[PDB]
């Protein structure tokens, strides 16, 4: 099976720790998936960050066990003239273990940054065998 969740905005937040991106959540157990592998793609094509010291955003794919994979974008100037849109994609292939019932997207601030999604973003998964 294939799974998909998409949003067209998220509340603007800051957080020093990972917080859920609302709506980017896949219920793997509800899909009847209890083993095998899932290729998970977190696609945030048009984010930006605001801040005062090389802003950016750390993104994660998380399961019941916590963060399984992470990454980030950051700007290359201390205070960008304009905080441009920085497409971001993270792929992680995970084993659906007895204890994996969901996958979700999360994010946290780089250097105090406020985190912005104001258009399409998605979390997708395709199941397969090893």
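The term rigid core refers to the maximal set of C-alpha atoms that superpose within 1.5 Å between the two forms. Residue numbers count along the first chain shown, from 1.
- For the pair 45 to 53 and 89 to 97, greater average C-alpha departure from the shown form in 8 other deposited structures of this protein after core alignment is found in 89 to 97.
- Between 92 to 100 and 70 to 78, it is 92 to 100 that carries the larger average Cα temperature factor according to the deposited entry.
- Legend: mean Cα B-factor per stretch from the PDB entry, 60 to 68 versus 39 to 47; the higher mean is in 60 to 68.
- Among the modelled residues of its chain, residue 119 has a C-alpha B-factor that falls in the lowest third according to the deposited record.
- Compared with the other modelled residues of the chain, the Cα B-factor recorded for residue 125 ranks in the middle third.
- Ranked by C-alpha B-factor against the other modelled residues of its chain, residue 106 falls in the lowest third.
- Residue 113: CA B factor in the lowest third of modelled residues in this chain (values from the PDB entry).
- When the modelled residues of the chain are ordered by C-alpha B-factor, residue 5 sits in the middle third.
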